[PDB]
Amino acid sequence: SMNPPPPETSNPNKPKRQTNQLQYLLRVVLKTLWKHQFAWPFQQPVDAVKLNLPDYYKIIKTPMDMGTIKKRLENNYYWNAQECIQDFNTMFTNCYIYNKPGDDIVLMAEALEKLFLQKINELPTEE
C-alpha cells in the first residue's frame, strides 16, 4: 500500500486572505504545537510505506498534518480561520480514528490538542 499525493498547499485560483485571526493561527497556534516534544509524528504527512501501515489510507480519507498546515499558513492558502481550525481538528480526529485508546500516538495528539484548544479559546476578534 502506497502513499497518496499530499494535500495541496497551493492553488492559485482559490481566493485567499491574510487576516489577524490567520496570523494568530500561525504565530501562536502552529508555533506552539510545532515546538512541542510530541510534535514530531504530526510535522509531515503519514508515510504509510516507511511506517508499515498499509491500511492507513484505506481508513483515513481526509489526511492532514502540521507540515501541510504550516505550508498553507505560510503561503496564505486560507480564506478564513475556520478552514485552518478544521485542518487541525481533522489531524487530531484522524489519529483517534486510526489508533487505539492509550496508544502513545493518541496521548501525543491529546497533549497537542489540549494546547490547541487553549490557544483557540483566545482567538482574537476579527479586525
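Between two forms, the rigid core is defined as the largest C-alpha subset superposing within 1.5 Å. Numbers follow the displayed sequence, beginning with 1.
- Root mean square Cα distance to the shown form, taken over structures and residues in 8 other deposited structures of this protein after a core fit, is higher for 12-20 when 12-20 and 111-119 are compared.
- According to the PDB record, 95-103 carries the higher mean C-alpha B-factor of the two stretches 95-103 and 48-56.
- Residue-level temperature factors show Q37 in the middle third of its chain, judged at the C-alpha atom.
- Sort the chain's modelled residues by C-alpha temperature factor and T62 lands in the middle third, per the entry.
- Sort the modelled residues of the chain by CA B factor and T68 lands in the lowest third.
- Placement of the Cα temperature factor of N76 within the chain: highest third of the modelled residues, per the deposited record.
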